[PDB]
There are 4 protein chains.
Amino acid sequence: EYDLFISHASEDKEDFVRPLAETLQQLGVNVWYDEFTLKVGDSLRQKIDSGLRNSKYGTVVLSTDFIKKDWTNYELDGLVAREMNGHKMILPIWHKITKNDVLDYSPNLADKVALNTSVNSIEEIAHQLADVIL
Amino acid sequence: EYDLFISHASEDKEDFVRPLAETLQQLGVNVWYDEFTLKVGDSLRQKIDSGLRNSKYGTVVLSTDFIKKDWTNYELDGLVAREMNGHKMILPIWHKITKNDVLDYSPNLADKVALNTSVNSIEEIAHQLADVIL
Amino acid sequence: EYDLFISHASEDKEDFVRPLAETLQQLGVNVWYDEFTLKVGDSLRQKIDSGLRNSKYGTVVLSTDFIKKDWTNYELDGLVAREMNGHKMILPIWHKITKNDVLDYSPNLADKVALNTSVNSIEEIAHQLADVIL
Amino acid sequence: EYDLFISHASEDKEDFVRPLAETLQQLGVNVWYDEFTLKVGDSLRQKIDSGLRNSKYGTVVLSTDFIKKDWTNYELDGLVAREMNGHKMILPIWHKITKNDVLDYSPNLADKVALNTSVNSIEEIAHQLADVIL
Ligand SMILES: Nc1cccc2cc[n+]([C@@H]3O[C@H](COP(=O)(O)OP(=O)(O)OC[C@H]4O[C@@H](n5cnc6c(N)ncnc65)[C@H](O)[C@@H]4O)[C@@H](O)[C@H]3O)cc12
Ligand SMILES: Nc1cccc2cc[n+]([C@@H]3O[C@H](COP(=O)(O)OP(=O)(O)OC[C@H]4O[C@@H](n5cnc6c(N)ncnc65)[C@H](O)[C@@H]4O)[C@@H](O)[C@H]3O)cc12
Ligand SMILES: Nc1cccc2cc[n+]([C@@H]3O[C@H](COP(=O)(O)OP(=O)(O)OC[C@H]4O[C@@H](n5cnc6c(N)ncnc65)[C@H](O)[C@@H]4O)[C@@H](O)[C@H]3O)cc12
Ligand SMILES: Nc1cccc2cc[n+]([C@@H]3O[C@H](COP(=O)(O)OP(=O)(O)OC[C@H]4O[C@@H](n5cnc6c(N)ncnc65)[C@H](O)[C@@H]4O)[C@@H](O)[C@H]3O)cc12
């Protein structure tokens, strides 16, 4: 069902991630985003697990807060596991972070071409993503 | 697939290399150029290695910045390795650099005939390259 | 902490890599090897990433099975990313493989001097490595 | 640093070139020889280029196998390039080869005085070289 899963830290919602998800839907991507999918009484574990398993692609918004928190590391551990079984997925974004900070977090992600929010705007990034997914 | 691989420093894009690559495609050469080929989520290592291995020829834009940087030296190591197995490839260009500076970088490249950007224009250089490749 | 990280395919453990790692420790190199470090309940992603980032050197056992598999290519991407930031690391070994097969995998590794297991024995290779590391 | 660079084919190591290089060091010449300088993980291109550029003199062992191979012709290109900038270097040796075979390879080397291994012994040749270098 879903085309893209969005993994992000809650400190980045208002200035970046909410505008991004809203514009991707307007282009026509079917997106998994937590404010759209999770409802009262749902199991967090079981809903996240089935969202990770049923998405064609996943995007990760790398940030200083992303590195520290628990649920963000839970999601990225699951994306790499599915990619090491033969299915390529990960589309990275760099937000307020430099190459050296990424290379100190993991040197394998420093090998992957990312979109940098200090160089591209929100809609300029959204157009780049939809060209791969669609 | 590709006819030519272009190896250059990013400081030289706007005043020389972007005009050159645009005019080569208009003559009909099938060219490997990083702004045309690399996309979000690609592995840099694995895409560059298959570009080097599947091209008939390679051109190197010698420059004061080309000498210092890392990825430029990575690409030239791979071109010489394939040439020392019996397949001639390299077509050199000298940009803002003199014979002495080239001879201090490597005396073997000082033996190979090159196109000098202080003597020829962009389209005059492009016409010279296509006569060898095509 | 670690002096050397060993990257290898699991098909090569018993006739080559297990004897090699055992003899390197006896010479006194502090080595990262998966049978010594990984334990029940560890995250594979997070433990491999910190092993790559905290080692002075890395060795890669090039082999016909190494080229095909997923986790072997994951590790080599991270080594090259750290080397293209200015820190030299890679010490290559050729096992049951010829120059032509290496040049068809990547022409840049064909430029780097390697130890060939058809020419040198296990302890003769181990002595060569420790002279660089120590 | 280096006084002499030795350029030779690997088919000639055991019966001529290893004894020669060992006796030159005993006289006190500082020599560039591949078995003494190159180590695991070195770039072949970048180490050879800095050896050619930092030596006062160069010697070439002309032989039937020398003429055919690739890396032997690579080194002689760089020596002539530096000599055509005004710095005399080349000290030739003829091994199992006649004047006619040299003249068919290049008529300019047939003009330079050479040492012939059918007329002089190893130590008799080594004494002749050191009188020029030292
Ligand atoms: N939508 C969501 C609702 C609830 C929990 C979520 C956890 C994670 N996520 C997923 O993970 C990324 C965010 O990681 P995160 O690390 O930013 O999240 P936090 O841990 O900060 O939690 C955020 C806030 O939920 C409050 N809280 C904690 N347990 C609670 C509970 N049972 N009932 C009510 N409220 C609770 C907690 O008090 C804080 O105010 C996203 O991509 C997303 O897919 C989304 C969540
Ligand atoms: N197109 C390209 C994109 C990304 C990296 C490239 C590296 C090399 N090349 C190849 O090598 C020659 C240029 O050498 P170069 O030495 O000029 O390049 P730089 O190292 O300066 O990198 C240039 C910029 O990429 C930024 N950067 C670094 N890692 C990044 C990452 N994972 N995701 C996003 N951005 C990243 C880095 O912040 C800088 O602003 C060309 O012929 C070409 O074929 C092309 C590249
Ligand atoms: N030590 C190790 C344990 C587990 C997984 C590893 C993966 C990779 N490595 C690293 O990568 C190189 C080897 O690449 P490799 O490609 O040889 O490995 P394989 O994919 O063949 O996995 C080998 C076996 O683990 C079984 N398996 C898969 N997921 C499993 C899981 N969660 N729990 C239990 N067992 C699992 C899988 O069934 C097969 O029998 C080494 O340098 C090393 O640093 C080492 C591993
Ligand atoms: N010391 C040396 C080591 C390696 C390569 C050299 C190349 C050239 N040289 C220089 O050139 C003259 C000799 O020309 P040459 O033409 O005699 O040499 P070959 O091409 O026959 O190579 C000889 C052997 O290296 C094996 N081979 C090829 N690539 C390899 C690689 N990455 N890692 C491991 N082994 C590799 C290849 O399998 C063969 O067995 C000398 O004056 C010297 O300064 C010296 C070399």
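- This entry lists cryo-EM as its structure determination method and reports a resolution of 2.74 Å.

**Description of the sheet that holds strand β2 (residues 31-32) of chain A**
All names here are of chain A.
Then, in step 1: The five strands lie next to each other as β2-β1-β3-β4-β5, forming an open sheet whose pairing is parallel. In this open sheet, the two strands that pair with only one neighbour each are β2 and β5 (115-116).
Then, in step 2: Bridging between strand β3 (residues 57-62) and strand β4 (residues 90-94) involves five bridges; their strand directions are parallel. Looking at β4, one finds that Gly-58 is bridged to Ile-90.
Then, in step 3: Those strands touched by helix α5 (residues 70-83) are β1 (4-7) and β4, and its axis lies near 140° from that of β4.

**Observations regarding the interface of chain C and chain B**
Then, in step 1: Listed as interface residues are 16 residues of chain C and, on the opposing side, 15 residues of chain B.
Then, in step 2: Approximately 1,400 Å² of surface area, both sides summed, lies buried where chain C meets chain B, with 55% of it carried by carbon and sulfur atoms.
Then, in step 3: When the area that chain C buries against chain B is broken down by residue, the three leading residues are C:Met84, C:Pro107 and C:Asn108, summing to 41%.
Then, in step 4: Inspection of the chain C/chain B interface yields three salt bridges.
Then, in step 5: Its salt-bridge partner being B:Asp77, residue C:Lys112 comes within 3.6 Å of it at the nearest N-O pair.
Then, in step 6: The tally of links between chain C and chain B comes to six residue pairs in polar contact.
Then, in step 7: Elements that contribute at least two residues to the side of chain C that touches chain B include exactly α5 (70-83) and α6 (99-105) of chain C.
Then, in step 8: Tallied by class, residues from the side of chain C that touches chain B come to seven nonpolar, four polar and five charged.

**Looking at the pairing of strand β1 (residues 4-7) of chain D**
Residues and elements named next belong to chain D.
Then, in step 1: The two faces of β1 match: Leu-4 and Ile-6 on one face and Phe-5 and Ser-7 on the other face are all buried.
Then, in step 2: As paired elements, β1 and strand β2 (residues 31-32) share two bridges and run parallel to each other. Note that in β2 the partner of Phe-5 across the bridge is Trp-32.
Then, in step 3: Regarding the hand of the β-α-β motif, the stretch spanning β1, helix α1 (residues 13-27) and β2 is right-handed.
Then, in step 4: Pairing between β1 and strand β3 (residues 57-62): four bridges, direction parallel. In the strand pairing of β3, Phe-5 is matched with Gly-58.

Conventions used here
- Residues numbered from 1 in each chain as written, not as in the entry; some residues may be left out.
- Chains lettered and ligands numbered in written order.
- Heavy atoms only, no water.
- Pairing = 2+ DSSP bridges.
- Helix = DSSP H or I, 4+ residues; strand = E, 2+ residues; numbered from the N terminus.
- Contact = heavy atoms within 4.5 Å.
- Axes fitted to C-alpha atoms, helices over the stretch in contact; angles between N-to-C directions.
- Buried area = accessible area lost by both parts, 1.4 Å probe.
- Salt bridge = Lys/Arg side-chain N within 4 Å of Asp/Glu carboxyl O.
- Polar contact = N/O pair within 3.5 Å; in protein donor to acceptor, adjacent residues only side chain to side chain.
- Nonpolar A, V, L, I, M, F, W, Y, C, P; charged D, E, K, R; others polar.
- Buried < 20%, exposed > 50% of the residue type's maximum accessible area, 1.4 Å probe, protein only.
- Right-handed = clockwise from strand over helix to strand, strands pointing away.

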